[PDB]
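Before any comments, here is the structure.
Each answer follows from the model by the rule given with it, or from the source it names; nothing here is a laboratory result. Ideal geometry is used to build each Cβ from the backbone, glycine not excepted, and the neighbour counts take in all protein chains shown.
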Amino acid sequence: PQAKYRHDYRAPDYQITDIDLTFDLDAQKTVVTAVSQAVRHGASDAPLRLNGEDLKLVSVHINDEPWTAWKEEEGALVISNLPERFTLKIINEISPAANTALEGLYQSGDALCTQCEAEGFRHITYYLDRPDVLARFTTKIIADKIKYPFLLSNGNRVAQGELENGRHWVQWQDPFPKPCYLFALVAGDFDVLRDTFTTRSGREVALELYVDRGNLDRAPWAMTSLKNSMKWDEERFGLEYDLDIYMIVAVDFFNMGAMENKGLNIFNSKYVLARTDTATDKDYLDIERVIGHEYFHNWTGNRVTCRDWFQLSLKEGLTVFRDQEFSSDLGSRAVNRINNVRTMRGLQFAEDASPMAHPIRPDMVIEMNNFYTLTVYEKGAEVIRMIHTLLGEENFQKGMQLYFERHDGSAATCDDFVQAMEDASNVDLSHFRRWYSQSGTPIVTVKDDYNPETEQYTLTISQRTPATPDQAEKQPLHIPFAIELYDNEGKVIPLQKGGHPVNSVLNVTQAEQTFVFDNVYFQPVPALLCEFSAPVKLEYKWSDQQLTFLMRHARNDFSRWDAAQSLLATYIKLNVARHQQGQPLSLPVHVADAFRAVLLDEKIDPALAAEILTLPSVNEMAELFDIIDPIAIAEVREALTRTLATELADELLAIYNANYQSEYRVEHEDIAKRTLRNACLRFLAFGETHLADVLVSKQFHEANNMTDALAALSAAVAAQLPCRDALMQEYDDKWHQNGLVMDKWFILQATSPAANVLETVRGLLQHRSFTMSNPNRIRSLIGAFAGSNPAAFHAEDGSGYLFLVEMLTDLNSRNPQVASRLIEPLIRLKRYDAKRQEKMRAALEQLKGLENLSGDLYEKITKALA
Ligand SMILES: CC(C)C[C@H](N)C(=O)O
Ligand code: NA
Ligand code: NA
Ligand code: NA
Ligand code: NA
Ligand code: NA
Ligand code: NA
Ligand code: NA
Ligand code: NA
Ligand code: NA
Ligand code: NA
Ligand code: NA
Ligand SMILES: [Zn+2]
């Protein structure tokens, strides 16, 4: 399979302006009739090249003439000798029931639904399946009325009828031209929650959430979140919904999270269905963010779309930024920022050091479904947030306004967005653009000097990005480097130079530069890279007491968290080295005292406290190291938890009890208390066994909501408490019928520290709630094992690698997109020791030799083995 390259982009030889689709729907055999109005832009001798995958072509007509001048080739229908303007008619057949890959038109339980992004429409009919071809769609759906009483596509209903033999039909029209990735069709029998939103200017919008029969009890929060998203986009961005109906359909079988199809979003049910006994606080907040995300795409993605798939971050980075801002404005901004930082440093940094490393605007792609990445999404959003930091809110919004004014109704590029920001604000972003074309994480090194004679403080800041496997050449970036300087009482020292204020966002644009500050009356403690102002590794030689000082005094909640992370990082590293030498955990008394102070500080927001008291994950720990020892990291994490549980026992219990709440509410103050209480519970679980067992068992049994029940269950598993097996069985007996709820349980099994975890996981492949046919189940059992239990995955006998090989051998054929997500832990082999590396390479070579290796896997495997 051949790579495609960004620099090869060329405007299409033909456009399609309007397409009329008819589907004669049936799960075994669906007949598609597609009538397109086309226009030639290129040379008169250029053929029309249509994409198509696994279609059975029935006929081809041009202006109602059966056509002879065409050929099928691999992935294509090539049509020659055309007029300049014509009507193309294609008839073809497809088979939804055979579609295990869940790309194109497929079955989800008894429903039929589509997934077209990135290149799935070509699995439905022969088309210009490229996002710079925007057309007006009309869609007629004909189906069995009993089996498919709801027939939905984008837009509004324009026609409806009933036929003989139990069939009926509905035709839809969407007035906005769209690329075909935004096409959707759904057919099935649903319960429908109906509501309304009235936009600021008075447009009335019918809101319709479609869920499987019997799930209406789990729909209101998603509907509430949709209305919250619509109000927020109006208040913050000045954007209103542009159509008359907003449909969301929740489907159980879905490879990703959710999809912004215009007026007809299709969601993984995981990001729709919640009630207090089935869903945790984190599930509620994920629903809210994903509902918001897809909604936000209506402007950033749909009204302005992507010229080509290399521009994916134009919509994904921007829309992630918007979802984060939405979450942050409605909820705790500090907690949102902390968690987005944890993702960046712990999961995205690892990708940017991997064989799959790419810039946020990639240059080369084999399979575009492989580039729906942490880099494109999360690092993309950090790049947008850097623009926001450089411009300020008002200028950023002027940029958004200029972007839409220029590009509304068109497919645009990352560069067009940057230019809009630059033009609206008059901030020069020429150098800044390199963030789009350069991969890897910059390392920023800071040294300081305080001169008491002149009362000047000097920061010497250097940057470099290490070469990555994709790019041998790197240059300095325009790094917005936010600082704050604290005096000995914890007060901010005004930044100034030569008698004028200096902006606290430093423009670090060179390999090395110095910044000098005047009137610095006390040696400062710096807060550096404030609110993670650029997506960089910071190297500054902090003393422990500078960090604990920041934990007590820093003005932004984020900086207090971050200082705690820097303090812990030193001792994590220490103790991994010690583990390798067979020595037990060592931690200074003063480090423990810093965490005790957080627990007893009444002035700290409990949301902030909870996050300081949540240890970095094993993924975040791994990025502290050049070579990862995943067993040492897992055992050090557990030992640190046990040490703090012992040293802080009485305080932990006291805070645990003080944050008890009898009423459950999905409200941010309540969520914050509960997060703190359950952070305390995690340590208490790892304390003296009898007390731990009683506390955990009681919380599980008395919980009035899934957040509390799961936090108890998860603690019983992590600490291997006596009550564990009984609680796990109780959960299974109560919830086995509910796949979303069982996913939590599969995660706990897959991430268990028990010595026989792999044997248990393999056994769970036959569990009543597990199926290889369902991406959520795969993720929750297999994916959690490979990706979230790196200790067991990287077991020295190589058993974790062999297990993943077997699963991937199945999934390569069944569902290559899911396969490719699951292979990611194996392609990190160069971060591990020689003996692991050998075993991981042997596993990759086995997969490389699969019959019918998917392009999705081929791309990753060949990068990994290079
Ligand atoms: C591949 C698609 C399901 C991704 C979707 N456009 C998103 O917003 O994440
Ligand atoms: Na198939
Ligand atoms: Na067009
Ligand atoms: Na009707
Ligand atoms: Na298109
Ligand atoms: Na907020
Ligand atoms: Na492809
Ligand atoms: Na410029
Ligand atoms: Na110094
Ligand atoms: Na220093
Ligand atoms: Na350091
Ligand atoms: Na099963
Ligand atoms: Zn998106």
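Looking only at residues in the range 426-445 that are without any contact (Cβ under 8 Å) to a residue 60 or more places away in the chain and part of a loop (DSSP other than H, G, I, E, B), which one is nearest to ligand 7 (Cβ to nearest atom)? Per the criteria, the residue is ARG433. Taking first residues from the range 446-458 that are in the same structural domain as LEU506 (by CATH) and near ligand 9 (Cβ under 9 Å from one of its atoms) and partners that are among the hydrophobic types (A, V, I, L, M, F, W, C) and in a loop (DSSP other than H, G, I, E, B), the Cβ contacts under 8 Å between residues at least 6 apart in sequence or on separate chains come to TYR450/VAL520. Here's a check for you: in the range 288-318, which residue that is surrounded by fewer than 24 Cβ atoms within 10 Å (Cβ to Cβ) and among the aliphatic types (A, V, I, L, M) is farthest from ligand 1 (Cβ to nearest atom)? That would be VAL304. The one condition from (1) touching a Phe, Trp or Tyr at 6+ places or on another chain (Cβ under 6 Å); (2) within 16 Å of ligand 8 (Cβ to nearest atom); (3) among the hydrophobic types (A, V, I, L, M, F, W, C) that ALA424 does not meet is (1). Just to be sure, is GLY257 of a type outside the set (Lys, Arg) and either buried (at least 22 other Cβ atoms within 10 Å of the Cβ) or in the same structural domain as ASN369 (by CATH) (or both)? It is false that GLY257 is of a type outside the set (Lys, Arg) and either buried (at least 22 other Cβ atoms within 10 Å of the Cβ) or in the same structural domain as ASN369 (by CATH) (or both). Do we have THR125 as of a type in the set (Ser, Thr, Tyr), more than 25 Å from the chain's Cα centre (by Cα) and either closer than 30 Å to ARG40 by Cβ or within 16 Å of ligand 6 (Cβ to nearest atom) (or both) here? In short, yes. Looking across the range 266-285, the residues that are in contact with a strand residue (DSSP E or B) (Cβ under 8 Å, 6 or more places away or on another chain) and either basic (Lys, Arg) or under 30 Å from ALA672 (Cβ atoms) (or both) come down to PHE267, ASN268, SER269, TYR271, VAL272, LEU273.
Which count do you get for residues in the range 778-789 that are assigned to a helix (DSSP H, G or I) and crowded, with 23+ Cβ neighbours inside 10 Å? Outline the logic, then answer.
Here is the first cut: in the range 778-789, the ones assigned to a helix (DSSP H, G or I) are 778-788.
Now restrict to residues that are crowded, with 23+ Cβ neighbours inside 10 Å: 778, 780-783, 785-786.
Residues that pass the stated criteria total 7.
Would you say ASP64 is within 16 Å of ligand 7 (Cβ to nearest atom), acidic (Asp, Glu) and out of contact with any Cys (no Cβ under 6 Å at 6 or more places or on another chain)?
no
Does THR675 fit the bill of being buried (at least 20 other Cβ atoms within 10 Å of the Cβ), out of contact with any strand residue (DSSP E or B) (no Cβ under 7 Å at 6 or more places or on another chain) and among the hydroxyl-bearing types (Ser, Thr, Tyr)? Considered against the rule, which asks whether it is buried (at least 20 other Cβ atoms within 10 Å of the Cβ), out of contact with any strand residue (DSSP E or B) (no Cβ under 7 Å at 6 or more places or on another chain) and among the hydroxyl-bearing types (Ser, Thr, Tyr), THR675 comes out as yes.
Meeting the requirement of 1 or more residues that are exposed (fewer than 14 other Cβ atoms within 10 Å of the Cβ), the strands (runs of 3 or more DSSP E) wholly within the range 171-234 are 190-198, 204-212.
Against the list (1) within 16 Å of ligand 1 (Cβ to nearest atom); (2) under 26 Å from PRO469 (Cβ atoms); (3) not small (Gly, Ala, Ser), the condition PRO825 fails is (1). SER44 satisfies every condition listed in (1) outside any loop (DSSP other than H, G, I, E, B); (2) touching a residue at least 40 places away in the same chain (Cβ under 8 Å); (3) more than 34 Å from the chain's Cα centre (by Cα) except (1). Scanning the range 380-407 for residues that are farther than 20 Å from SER533 by Cα and charged (D, E, K, R) turns up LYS398, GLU405, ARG406. When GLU393 is tested against (1) closer than 23 Å to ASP423 by Cα; (2) away from ligand 6 (no atom under 16 Å from the Cβ), only condition (2) is not met.
Residues being of a type outside the set (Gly, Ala, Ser), more than 30 Å from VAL186 (Cβ to Cβ) and in contact with a strand residue (DSSP E or B) (Cβ under 9 Å, 6 or more places away or on another chain) are represented in the range 12-27 by at least one member. Any chance the range 794-807 includes a residue that's surrounded by 15 or more Cβ atoms within 10 Å (Cβ to Cβ) and under 23 Å from the mean Cα position of the chain (by Cα)? The answer is yes, given that some residue of the range 794-807 is surrounded by 15 or more Cβ atoms within 10 Å (Cβ to Cβ) and under 23 Å from the mean Cα position of the chain (by Cα).
Evaluate the range 135-153: report whether one residue or more is part of a loop (DSSP other than H, G, I, E, B) and either in contact with a helix residue (DSSP H, G or I) (Cβ under 6 Å, 6 or more places away or on another chain) or of a type in the set (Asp, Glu) (or both). Within the range 135-153, not a single residue is part of a loop (DSSP other than H, G, I, E, B) and either in contact with a helix residue (DSSP H, G or I) (Cβ under 6 Å, 6 or more places away or on another chain) or of a type in the set (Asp, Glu) (or both). Among residues of the range 119-132 that are within 14 Å of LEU77 (Cβ to Cβ), none has a Cβ under 7 angstrom from a residue that is within 16 Å of ligand 6 (Cβ to nearest atom) and among the aromatic types (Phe, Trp, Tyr) at a sequence gap of 6+ or on a separate chain.
All of (1) surrounded by fewer than 23 Cβ atoms within 10 Å (Cβ to Cβ); (2) within 23 Å of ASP743 (Cα to Cα); (3) not basic (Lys, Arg) hold for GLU669 with one exception: (2).
For (1) within 27 Å of the chain's Cα centre (by Cα); (2) farther than 27 Å from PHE515 by Cβ; (3) among the hydrophobic types (A, V, I, L, M, F, W, C); (4) away from ligand 6 (no atom under 16 Å from the Cβ), each residue gets a yes or a no:
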position: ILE360; (1), (2), (3), (4): yes, yes, yes, yes
position: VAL365; (1), (2), (3), (4): yes, yes, yes, yes
position: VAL376; (1), (2), (3), (4): yes, yes, yes, yes
position: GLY380; (1), (2), (3), (4): yes, yes, no, yes
position: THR389; (1), (2), (3), (4): yes, no, no, yes
position: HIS407; (1), (2), (3), (4): yes, yes, no, yes
position: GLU453; (1), (2), (3), (4): no, no, no, yes
position: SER462; (1), (2), (3), (4): no, no, no, yes
position: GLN471; (1), (2), (3), (4): yes, yes, no, yes
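Screening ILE628 against (1) in a helix (DSSP H, G or I); (2) crowded, with 19+ Cβ neighbours inside 10 Å leaves a single unmet condition, (1). Checking each residue in the range 604-614 for being surrounded by fewer than 21 Cβ atoms within 10 Å (Cβ to Cβ) and under 25 Å from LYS537 (Cα atoms) picks out only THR614. Note on the range 446-532: enclosed strands (runs of 3 or more DSSP E) holding 2 or more residues that are closer than 23 Å to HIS388 by Cα are 456-464, 479-486, 505-508, 525-528.
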